[PDB]
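Input: a single structure, listed below in structure tokens.
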Amino acid sequence: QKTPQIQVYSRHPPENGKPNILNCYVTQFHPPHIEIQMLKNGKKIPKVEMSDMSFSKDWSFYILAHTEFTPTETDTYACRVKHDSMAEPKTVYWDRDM
Amino acid sequence: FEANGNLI
Amino acid sequence: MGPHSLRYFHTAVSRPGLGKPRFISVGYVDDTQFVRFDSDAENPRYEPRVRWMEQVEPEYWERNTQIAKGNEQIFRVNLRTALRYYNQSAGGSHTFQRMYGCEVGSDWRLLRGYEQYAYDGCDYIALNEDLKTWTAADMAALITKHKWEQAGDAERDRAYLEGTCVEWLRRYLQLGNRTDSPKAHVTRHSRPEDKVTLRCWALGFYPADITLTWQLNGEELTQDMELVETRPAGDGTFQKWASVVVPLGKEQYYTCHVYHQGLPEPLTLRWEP
Ligand SMILES: [Cl-]
Ligand SMILES: [Cl-]
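Protein chains in written order, with the authors' numbering: chain B, 2 to 99; chain P, 1 to 8; chain A, 0 to 176, 181 to 276.
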């Protein structure tokens, strides 16, 4: 059992009020069963396009969740991930200042 | 174009 | 182009009580997913996952559907065999994995081949770089090494990678109708002390193979860089960042270097307001 690492990021440098792709990249986990949760101030985002799963040379699994979104100064985003290796959901918020 | 696996 | 690859990823996940295992194959040309088989449908078929595969004749899909179902069956049998080999109880869920494939250079000959399996996420057996011998990961796999050596299986796997794999890779690359160069920026970030993080970003690049290195005064770092693994941006490109911690006021003694197939020459950049 390997723990999922989570990265949250956009395609382009985020500009307040400009079309962009948010991305939640969940990786290095095992077993493959996983429900990933893209969020916006707590609420669920509908129709999150999932990539197909695959795996690395150390055999652990990789998957990308990604949506379109209009960032704002006040609005936050996050990824809580549901996996068998954890006790409870692991949360990583979007660090845009990064 | 894919290959057959092997039986362990 | 020059450097290219064709790789397939196989996974079966068992579920006793519920049904037969779920088996998936996913194919990649370079760093682009192009085909997929998923046994969790009523009449599952080999399917395209990119635009430039959608015009391929039905016979290709049918043939690869039958090969994928054969691989499903092999994985089902191996999962049962592995329970015996590892003396595991029944009823749990387990995985079996295979990765194989080829890389070619500009001459279209095989540069490097791969053929390796894992059970429950751990090395089981792998073909060595010579494509002639196996490495068993533990005592359990040692019996498979013996069976596969007696049967001459390395030769057949070798022939596939040196022939079919490399030749179909060549075919796929003629399909459809190129490299995406990285755009780089350096950002500066505060820290509690009188120091600062310089983060060097590479964006919008394909393929994913890139090198980001920082240097101090045109020489190798003494500190360790922080970095993230190269990662998909959601539109078929990749991004990466590498970072360094520097004294406030000494930012410009440090430089970021970016190497990528697309670039005429490496990029050199340093922080700049
Ligand atoms: Cl079965
Ligand atoms: Cl240094």
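Just so it is clear, CB atoms sit at the ideal spot from N, CA and C, and this is done for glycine as well.
Run of the beta strand (DSSP E) containing residue i, from where it starts to where it stops
i	result
A:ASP37	31 to 37
A:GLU114	109 to 118
A:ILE23	18 to 28
B:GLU16	Premise fails: B:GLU16 is in no beta strand (DSSP E) and is neither H nor E.
A:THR258	257 to 262
A:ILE142	From DSSP, A:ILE142 is part of no beta strand (DSSP E) but of the alpha helix (DSSP H) over 138 to 149.
B:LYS41	36 to 41
A:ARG191	186 to 193
A:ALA245	241 to 250
B:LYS83	78 to 83
B:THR92	91 to 94
A:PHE8	3 to 14
A:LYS198	198 to 208
A:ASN220	Counting along the chain, A:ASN220 falls outside any beta strand (DSSP E), and DSSP gives it neither H nor E.
A:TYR45	Taken as a continuous stretch (DSSP letters only), A:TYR45 belongs to no beta strand (DSSP E), as it is neither H nor E.
B:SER11	6 to 11
B:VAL27	21 to 30
Sequence-distant residues of the same chain with beta carbon closer than 8 angstroms to residue i, five excluded per side
i	result
B:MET54	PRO33, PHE62, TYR63 and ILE64
A:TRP244	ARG202, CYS203, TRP204, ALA205, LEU215, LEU230 and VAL231
A:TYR256	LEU219, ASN220 and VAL249
A:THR64	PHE36, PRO43, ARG44 and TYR45
B:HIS31	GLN2, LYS3, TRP60, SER61, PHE62 and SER86
A:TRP147	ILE124, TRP133 and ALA153
A:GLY1	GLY104, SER105 and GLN264
A:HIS260	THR214, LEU215, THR216, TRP217, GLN218, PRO269, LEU270 and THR271
B:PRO15	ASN21, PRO72 and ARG97
Where residue i meets chain P, residues with beta-carbon distance less than 7 angstroms
i	result
A:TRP167	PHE1
A:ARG21	Near A:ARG21 there are no residues of chain P at all, since even the closest Cβ is about 16 angstroms away, more than 7 angstroms.
A:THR134	Result: empty, since nearest Cβ-Cβ is about 14 angstroms, beyond 7 angstroms.
Any non-hydrogen atom of ligand 1 closer than 7 angstroms to residue i Cβ
i	result
A:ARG14	no
A:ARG21	no
A:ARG75	yes
Same chain, Cβ closer than 6 angstroms to residue i, five either side skipped, listed in chain order
i	result
A:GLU229	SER246
A:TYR99	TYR7, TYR113 and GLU114
A:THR258	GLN218, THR271 and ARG273
B:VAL49	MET39, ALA66 and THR68
A:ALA81	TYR118
A:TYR116	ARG97, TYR123 and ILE124
A:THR143	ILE124
Cross-chain neighbours of residue i in chain A, by beta carbon under 9 angstroms
i	result
B:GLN38	Per Cβ cutoff of 9 angstroms: no residues; B:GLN38 is ~17 angstroms from chain A at best.
B:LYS3	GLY120
Residue i, enclosing alpha helix (DSSP H) - first and last residue
i	result
A:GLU61	57 to 84
A:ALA158	152 to 159
A:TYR171	165 to 172
Near ligand 2: residue i beta-carbon under 7 angstroms from a heavy atom
i	result
A:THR31	no
A:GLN255	no
A:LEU219	yes
A:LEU160	no
A:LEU251	no
A:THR200	no
A:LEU224	yes
Partners in chain B for residue i, counting only beta-carbon separations shorter than 9 angstroms
i	result
A:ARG234	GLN8, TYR10, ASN24, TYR26, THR28 and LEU65
Chain P contact residues for residue i, given Cβ-Cβ distances below 9 angstroms
i	result
A:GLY69	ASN4 and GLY5
A:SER24	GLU2
A:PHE74	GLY5
A:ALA81	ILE8
residue 180 of chain A	The structure shown gives no position for residue 180 of chain A: in chain A, residue numbering passes from 176 to 181 with nothing in between.
A:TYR262	Residues of chain P passing the Cβ test: none, with the nearest at roughly 33 angstroms.
Residues near residue i in its chain [Cβ-Cβ closer than 7 angstroms; skip 5 each side]
i	result
A:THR94	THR10, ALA11, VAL12, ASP119 and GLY120
B:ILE46	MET39, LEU40 and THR68
A:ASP183	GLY207, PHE208, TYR209, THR240 and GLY265
A:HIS192	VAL199, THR200 and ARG202
B:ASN17	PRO72, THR73 and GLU74
B:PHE70	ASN21 and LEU23
Within chain B, partners of residue i - CB distance below 8 angstroms
i	result
A:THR143	None at all; the shortest Cβ gap to chain B is about 17 angstroms.
A:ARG35	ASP53
Contacts of residue i in chain A (Cβ-Cβ under 8 angstroms)
i	result
B:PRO33	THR10, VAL12 and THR94
B:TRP60	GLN96, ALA117, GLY120, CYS121 and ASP122
B:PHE56	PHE8, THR10, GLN96 and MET98
Chain P contact residues for residue i, given Cβ-Cβ distances below 8 angstroms
i	result
A:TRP147	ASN6
A:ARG97	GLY5
A:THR163	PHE1 and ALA3
**Message:** Is it the case that the segment 28 to 41 of chain B contacts the segment 64 to 78 of chain B, given that we only count it when at least three CB pairs across the two stretches are under 8 angstroms?
**Reply:** yes
**Asked** Contact between the segment 71 to 89 of chain A and the segment 126 to 134 of chain A: three or more CB pairs below 8 angstroms?
**Response** no
**Prompt:** Can at least three beta-carbon pairs, one atom from the segment 10 to 26 of chain B and one from the segment 232 to 239 of chain A, be found at a separation below 8 angstroms?
**Reply:** yes
**Asked** Can you find at least 3 beta carbon pairs, one from the segment 108 to 118 of chain A and one from the segment 31 to 45 of chain A, that sit closer than 8 angstroms?
**Response** no
**Request:** Specify whether the segment 213 to 226 of chain A and the segment 156 to 168 of chain A touch according to this definition: at least 3 beta carbon pairs, one from each stretch, less than 8 angstroms apart.
**Result:** no
**Asked** Is the segment 43 to 59 of chain A in contact with the segment 23 to 33 of chain A, if contact means three or more CB pairs nearer than 8 angstroms?
**Response** yes
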